[PDB]
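Engineer: following this: a sequence and the matching experimental structure.
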Amino acid sequence: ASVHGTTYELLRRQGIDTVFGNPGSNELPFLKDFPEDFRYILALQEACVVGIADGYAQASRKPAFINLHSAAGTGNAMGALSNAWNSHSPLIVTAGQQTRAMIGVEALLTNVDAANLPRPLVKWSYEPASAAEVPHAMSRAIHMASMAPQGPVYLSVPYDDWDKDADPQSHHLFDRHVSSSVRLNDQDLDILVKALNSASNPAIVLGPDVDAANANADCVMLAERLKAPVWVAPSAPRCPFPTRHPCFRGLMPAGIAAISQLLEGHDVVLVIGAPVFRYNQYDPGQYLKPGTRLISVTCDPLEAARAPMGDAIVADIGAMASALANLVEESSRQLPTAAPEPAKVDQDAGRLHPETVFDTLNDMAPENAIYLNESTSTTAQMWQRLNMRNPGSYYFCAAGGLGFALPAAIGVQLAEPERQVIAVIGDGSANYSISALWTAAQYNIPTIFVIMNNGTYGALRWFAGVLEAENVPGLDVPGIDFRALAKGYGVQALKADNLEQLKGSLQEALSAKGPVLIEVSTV
Amino acid sequence: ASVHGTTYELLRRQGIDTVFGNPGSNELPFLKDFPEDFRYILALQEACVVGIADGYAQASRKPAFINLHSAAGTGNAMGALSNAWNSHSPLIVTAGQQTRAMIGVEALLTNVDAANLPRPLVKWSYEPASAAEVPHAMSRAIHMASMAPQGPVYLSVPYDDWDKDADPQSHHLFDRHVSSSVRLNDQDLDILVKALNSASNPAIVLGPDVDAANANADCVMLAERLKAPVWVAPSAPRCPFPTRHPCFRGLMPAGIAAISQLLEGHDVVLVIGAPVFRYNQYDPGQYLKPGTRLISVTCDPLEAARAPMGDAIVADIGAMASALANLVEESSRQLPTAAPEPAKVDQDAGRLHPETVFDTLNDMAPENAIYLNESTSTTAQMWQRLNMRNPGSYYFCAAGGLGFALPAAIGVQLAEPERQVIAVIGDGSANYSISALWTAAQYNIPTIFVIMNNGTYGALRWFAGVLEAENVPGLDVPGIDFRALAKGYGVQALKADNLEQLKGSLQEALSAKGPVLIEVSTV
Amino acid sequence: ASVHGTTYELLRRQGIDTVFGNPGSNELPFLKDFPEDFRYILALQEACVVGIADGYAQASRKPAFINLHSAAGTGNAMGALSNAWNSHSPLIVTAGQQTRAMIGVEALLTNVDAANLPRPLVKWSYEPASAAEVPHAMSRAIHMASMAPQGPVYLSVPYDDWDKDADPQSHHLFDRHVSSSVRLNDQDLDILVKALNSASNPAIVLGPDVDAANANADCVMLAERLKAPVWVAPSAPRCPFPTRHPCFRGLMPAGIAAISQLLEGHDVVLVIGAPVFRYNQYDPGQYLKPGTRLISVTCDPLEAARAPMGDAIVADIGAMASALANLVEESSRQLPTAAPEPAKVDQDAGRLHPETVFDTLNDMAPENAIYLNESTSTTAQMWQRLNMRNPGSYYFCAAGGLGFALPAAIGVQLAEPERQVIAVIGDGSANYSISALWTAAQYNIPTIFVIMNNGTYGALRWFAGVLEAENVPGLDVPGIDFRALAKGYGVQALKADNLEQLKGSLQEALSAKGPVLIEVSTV
Ligand SMILES: Cc1ncc(C[n+]2csc(CCOP(=O)(O)OP(=O)(O)O)c2C)c(N)n1
Ligand SMILES: Cc1ncc(C[n+]2csc(CCOP(=O)(O)OP(=O)(O)O)c2C)c(N)n1
Ligand SMILES: Cc1ncc(C[n+]2csc(CCOP(=O)(O)OP(=O)(O)O)c2C)c(N)n1
Ligand SMILES: [Ca+2]
Ligand SMILES: [Ca+2]
Ligand SMILES: [Ca+2]
Ligand SMILES: [Mg+2]
Ligand SMILES: [Mg+2]
Ligand SMILES: [Mg+2]
Ligand SMILES: [Mg+2]
Ligand SMILES: [Mg+2]
Ligand SMILES: [Mg+2]
Ligand SMILES: [Mg+2]
């Protein structure tokens, strides 16, 4: 067998059947004789390729395979990898290298010091020392991406390697099963459970690794048992809990003082599947108030190490959530009461308030819709106004890096063909990965893109307001026609200048047979 | 509180009370007002400092704290860190940096690009962005070193940071408990146990992480239950099993073909706490023979990823070994029969055969002796001739890097004051970290050093023999007087030119009140 | 031809004929069939190997070739590389890697992420992608080490590469000549010369790259022409000027305020071949006083970039010094008057004052002696008391990393067989690379080692004194018998407890036919 044949067999035997890519000459020897059981998803720029693959992996809860062109292609995707690192996304990023005979002279297309390029944003980064090592290296990449804590990995392969003879002993790679589905030992788990049972006023904080593990339902059971309020950890990349469940208390503000104030009076706070904490704004104060102790369950040693407070347990979120939910006592305390419905903001016949947009989406979208958020000044209102009952219903750029949601929404829709994906994206954010629209058109992936057009980098204008910062340049983005951009890439386009038009546009989009972009004129 | 005060409080609250170091000017502001409850262990070169700390950590099964001088001191210790990486040793390596005001100009003693210096040999490597961050950074270092898979970490601290005011919120760091004591979920564990119960001819292979976890006794129970032969994985850094237990089959040869041949006919091979496998010599063949399937339990995702065959489970070795030992059925098969005693090699009244030396050590040493091995051509015979009944009885440089055993033997003896440590070190190996002898003398750490003097790099002469390589320079090391070197550093010295003298020297050494070096004239 | 044959031909054609090494199994395929026109210099630990090679390169003013064993051997040499980086030493460091077939599984002796290991202490660091690339990679290493600014480089080679067929086109590598012997363009050089001619009170500061370039004599002419005082830049790794020349003003204190005060009243300060500046102690103040402007000539862009003041020219020191010396006018100003002889310190019949030792060395040593300094508390007095008329007469660890002088003194003596080398080394410093003594004995390299024994890390006790730092541990190093250590490694040993004995010991050492160590009892 050739290295080509052996590698594709390894991939299929490990459950991989799709290649997200933007091709180049170093990659042609890999892509030639493309297996008929594989499919290739092309995107026009590498931030888009990786974004689509990211959404696909996160929604599918399995590794996604990417093929990029050398250094330039890898480099174009680096911003996307920053998000993927923060969301623990299992991405196998492969990049083609020059033929081994031409690497020394640094011919055009040589990826110099390749393994160092994507660092520090990958778990593992490697170029094999020989062609016959390629399948083994790929095996390592697959497992490194897939083991908790999941994350992106990088493999560079000289283009001449593919046609070489493979090592017959590579067959041992094909069916390897590697598990990190582990939980705390019985003795210490019993101690934790007793601490939870004995809490007088427990609180629960959930992060994205809960949704990644599909531990949502187990966490619901856990919260019901403990009769505990449930918060989502700040800067949330995913939604780990039904947002209209009586225990739900919403998204935590990303501030030290704000969070300790919120947790005041809670004697035990159990954090599951989140960093402690992904703060953002400067908000100095106490990490925790006197009387509050914190216990964190995390799949990532790096999270456990850097928490400034509390105890920590490093284990699989799925296994831990299931164990806790089934071991804790049913508290005799009263179940928390559901949060009241959000108020309806006054809305005239003119430009749309973001609150109106979200209320309308919630009214019209299917109960199993999936939302993506890259409307950076409206996040708080979005979280308050969308009823998300099911797992996998929300994605937001995990490192705050714009250019995620547009392509990721396409990958999510590919992963979940029966769930309507609706991406809500600011006019500023929409530009970073605008060319991703073409992939939705070409493959007829019926994502709905809602562009919130207020003509400015609104979040930045706000922050600049609090800083009292004057004379800041570059905050306005006037003069973009999003319907024209959609037309450019073959996506049906609608405009909503008022509520009447928004309702009409959504009705049309929800019944369309392909992707649709709606440009919404917002305050 | 100052950063100095807060950091030392964090250290003591996290169980650290010893600093292994070689001081410099960047470190004086850290070492001043040295806490009276701490002790400082000085060594004369940094390979020695880290070697001593390594032995101490491995034997004590807890993190060891090191303080080195900037780049030059860190660099001197890099070889030692290569071993520490391979042995999963929990080492917290701190190095002093220039004052922040002088870093930009790159004053003398500035550690440039500090975090990159020790890579790729550390799990985490960092320099804090401000003085007040130092305690938090130290907390991260402690936990990163201590979490499975354990390993060395690096923290660089500008010397002006220590006197600065600490953040009062740093108190939350002091008592953090972080656990990675996890094991496979019940459902999948039941599947594994059933596979072991159903095996017709199981074999067990154990690596160093078993001894590190003190899982030895649990593995004995497991082997007795399964009535399974037990091997030690190749290139063994530690001893994970009683060497005269009936199930013990010895050290595996570090070759692909050799190991698959050894495992032939065994239907299920369970590897615990080892890489799969730390091969060494070129010995091409099948990774496993038809009929053999392999299951690996490892604490290290990097080990699980790179195994060329078998299934893998990433979990704590202590928790997994305990669970398996207590869950498996008692097989009705006959218990394996103990390996026969080694033959006595013919010995005249002249120079000592290594076999004679080991037989004599086994005859005279206490039953709870601890051995270190850096006699590279005699490893196989050592493993066959020393009865090691207890855990923590053997250490060998885990990356094959010479200069480990001499200093590590001092750290081991410090960790285990009631167990006689005997380091068996070749005349070549003895030189790499010779100055470590001084620390044994100064602190009266009563390690016995047995120098095997054959005048050559024997292992290299052998390999060169197999390669049929002619005209290889640099293989001979004549003209070293080890008694004089011992005298130089204040250690009692004896010479053994024959068996009569060896017995006499050992009698004296075993009854001495301080460290002793015995130079043995070997074939 | 084989890769082995081709590589050795490239080496000899590029002027390399010596390999400084400590061998290992990954290196045996390189060292086998060792060319009869090459010689191999063995040292017992890698800090020693690199130190010897460093001294050899610095004294010979040409690249030195080193061969180490994988990661552990490279790591052991990292401290030595920190000095080599700072001294711009042209060192070609090669390390053997595992066979390509075993790299993936990370067999014992695999150098993982090899190229990253020695960073940030090398100019270039690489592992070739194929065997046939090895000669080309070596060519790159040779030239990267040799081009201004000179420095250490690193090449990792899988052991199976050597026996493979070489590319016939590699012959084009053999005779490549690469030059960086450049100087400022005529127009701008004329501007500089006019600025020097027009200075009313110029000063000159010289660094180690002057001595490396053998530009010393040109700088003497330049100083005589300009009638300018000459200082040596702080933390001096070499001596760039005759120390009894009338213009000589000695070693600058390594402080910001001290240096600006020293330069006060000098309108133009010309720095040649030094960083601006290698300050050490905290000594805040003005970089330059009003009225002083600085112009730096440096071979290193990194030096030019980081200077906090002055203009800079990046060019070859030899070419620039020659041009300036021959272009500037002869000033009508009076030639500076020579510095007065140092005072004679009162000396009783007991322990030696360092001043006495240096005065005696100056009295008895040949006029073409070469000194090395690793007696860290006595540097100022050494610089004042040794008359060094010739180039290449002084070496001091360029990064302040101890363990340099002992081995480097052996390499220097090898480079300069007709110049008596005398290394003055503190009792603390002597231990770091003590095993280097063996190489001097084995090859009969007649270096004289003067050990200054005061029982303490004296420089550190002093600094701790100024810091007013109490309770600092680890500052004393009692109980070392250096005569015994010398005997251990086969070097003749003498002791000097007083002046009478010092004179007698020096008389014997200077007439000896081999290396000699003198242990001096100092205050
Ligand atoms: C790749 C990238 N570039 C720049 C930024 C900085 N940034 C954060 S929010 C923001 C404004 C986004 O504007 P828009 O998408 O219109 O949403 P709005 O703030 O108007 O609601 C910018 C530029 C970022 N987070 N990521
Ligand atoms: C730091 C380091 N340098 C070099 C080597 C290569 N090496 C491996 S075994 C060996 C010989 C050791 O000789 P000795 O200690 O006398 O034991 P013997 O082989 O004679 O039994 C050498 C040089 C190494 N493993 N580590
Ligand atoms: C490799 C290394 N480790 C530690 C230091 C810190 N250091 C600088 S000077 C010094 C003392 C040297 O003592 P000695 O050689 O006896 O000279 P003295 O100061 O007594 O004159 C030390 C430990 C260093 N510079 N390099
Ligand atoms: Ca906007
Ligand atoms: Ca030997
Ligand atoms: Ca001293
Ligand atoms: Mg596999
Ligand atoms: Mg258990
Ligand atoms: Mg802590
Ligand atoms: Mg379970
Ligand atoms: Mg490094
Ligand atoms: Mg060349
Ligand atoms: Mg010109």
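Structural biologist: The structure has been received and is ready for your questions. Numbering: from 1, shown residues only, chains lettered A, B, ... in the order given. Ligands and ions are numbered 1, 2, ... in the order given.

Engineer: quick check: the residue lying closest to residue A:176 once chain neighbours are set aside vs residue A:173, distance?
Structural biologist: Counting by CB to CB, 6 or more residues apart in numbering or on different chains, the nearest residue to residue A:176 once its immediate chain neighbours are dropped is residue B:311, at 6.2 Å. Heads up, the C-betas are built off the backbone N, CA and C, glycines and all. The span separating residue B:311 from residue A:173 equals 12 Å under the rule CB to CB, to the nearest Å.

Engineer: of these two, who's got more company?
Structural biologist: Neighbours around residue B:311 and residue A:173, counted as other CB atoms under 10 Å in any protein chain shown, are more numerous at residue A:173. The numbers are 25 against 18.

Engineer: residue of the stretch 251-400 of chain A closest to ligand 5, please.
Structural biologist: For the stretch 251-400 of chain A, the residue positioned closest to ligand 5 under CB to the ion is residue A:301, at a distance of 41.1 Å.

Engineer: ok, now which ones touch that residue?
Structural biologist: For residue A:301, the contact set (CB atoms under 8 Å, 6 or more residues apart in numbering or on different chains) comprises A:149, A:314, B:143-144, B:147, B:180.

Engineer: with residue A:192 instead?
Structural biologist: Under the criterion of CB under 8 Å, 6+ apart, the contact list for residue A:192 reads A:184, A:295, A:313, A:324.

Engineer: please identify which of the residues you listed is nearest to ligand 13.
Structural biologist: Set against ligand 13, the nearest of these by CB to the ion is residue A:313 (69.8 Å).

Engineer: that closest one against residue A:321, yeah?
Structural biologist: No: taking CB atoms under 8 Å as the contact criterion, residue A:313 and residue A:321 are not neighbours in contact, 11.8 Å apart.

Engineer: give the residues shared as contacts by the two.
Structural biologist: Overlap between the contact sets of residue A:313 and residue A:321, as judged by CB under 8 Å, 6+ apart, is given by residue A:297.

Engineer: rewinding a little: let me know the closest of the contacts of residue A:192 to residue C:232.
Structural biologist: Within the contacts of residue A:192, proximity to residue C:232 (CB to CB) peaks at residue A:313, which comes in at 59.5 Å.

Engineer: how much space between that closest one and residue B:316?
Structural biologist: 11 Å.

Engineer: anything in contact with each of those two?
Structural biologist: Overlap between the neighbourhoods of residue A:313 and residue B:316 consists of B:180, B:182, taking contacts as CB under 8 Å, 6+ apart.

Engineer: which ones are touching the closest residue to residue A:328 other than its chain neighbours?
Structural biologist: Across the structure, with CB to CB, 6+ apart as the measure, the residue nearest residue A:328 apart from its sequence neighbours is residue A:225 (4.8 Å). With contacts taken as CB under 8 Å, 6+ apart, residue A:225 has the following neighbours: A:325, A:328-331.

Engineer: most neighbours, which of these?
Structural biologist: Counting by other CB under 10 Å, residue A:328 has the largest number of neighbours within those, with 21 neighbours.

Engineer: separation between it and ligand 9?
Structural biologist: 27 Å (CB to the ion, to the nearest Å).

Engineer: which element, helix or strand, includes the residue of the stretch 101-250 of chain A at minimum distance from ligand 2?
Structural biologist: With distances taken as CB to the nearest ligand atom, the stretch 101-250 of chain A approaches ligand 2 most closely at residue A:129, which sits 20.8 Å away. For residue A:129, there is no host helix or strand (DSSP states H and E).

Engineer: burial of it, as a residue count?
Structural biologist: The burial count assigned to residue A:129 is 25, neighbours taken as other CB under 10 Å.

Engineer: so it touches residue C:104, yeah?
Structural biologist: Yes: using CB under 8 Å, residue A:129 and residue C:104 qualify as a contacting pair, with a distance of 7.5 Å.

Engineer: which helix runs longest in chain A?
Structural biologist: Looking only at chain A and at elements set by DSSP state H, the helix with the highest residue count is helix A:46-60.

Engineer: report all helices and strands that that helix contacts.
Structural biologist: Contacts of helix A:46-60 with other secondary structure elements, assessed using 3 or more CB pairs under 8 Å, 6 or more residues apart in numbering or on different chains; DSSP states H and E, are made with strand A:18-21, strand A:64-69, helix A:70-76, helix A:78-86, strand A:91-97, helix A:405-415.

Engineer: now the strands: where do they sit in the stretch 151-300 of chain A?
Structural biologist: Secondary structure of the stretch 151-300 of chain A by DSSP state E, counting those that start in this stretch: the strands cover A:153-158, A:178-179, A:182-184, A:203-206, A:230-232, A:248-251, A:268-272, A:293-298.

Engineer: typo on my end, it should be the stretch 351-500 of chain A
Structural biologist: In order along the chain, the stretch 351-500 of chain A carries the following strands (DSSP E, counting those that start in this stretch): A:370-374, A:394-396, A:421-426, A:448-453, A:492-496.

Engineer: could I get the ones you listed as a markdown table with mean neighbour count?
Structural biologist: Output for these, formatted as a markdown table (neighbours: other CB atoms under 10 Å in any protein chain shown):
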| stretch | mean neighbour count |
| --- | --- |
| strand A:370-374 | 26 |
| strand A:394-396 | 27 |
| strand A:421-426 | 27 |
| strand A:448-453 | 26 |
| strand A:492-496 | 20 |
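
Engineer: can you say which of those strands is nearest to residue C:79?
Structural biologist: Of all the strands of the stretch 351-500 of chain A, the one in closest proximity to residue C:79, counting by CB to CB, is strand A:394-396 (47.4 Å).

Engineer: where exactly do the helices run in the stretch 151-300 of chain A?
Structural biologist: Per DSSP state H, counting those that start in this stretch, the stretch 151-300 of chain A has helices spanning A:186-198, A:208-212, A:216-226, A:256-263. These are given in chain order.

Engineer: thanks a lot, catch you later.
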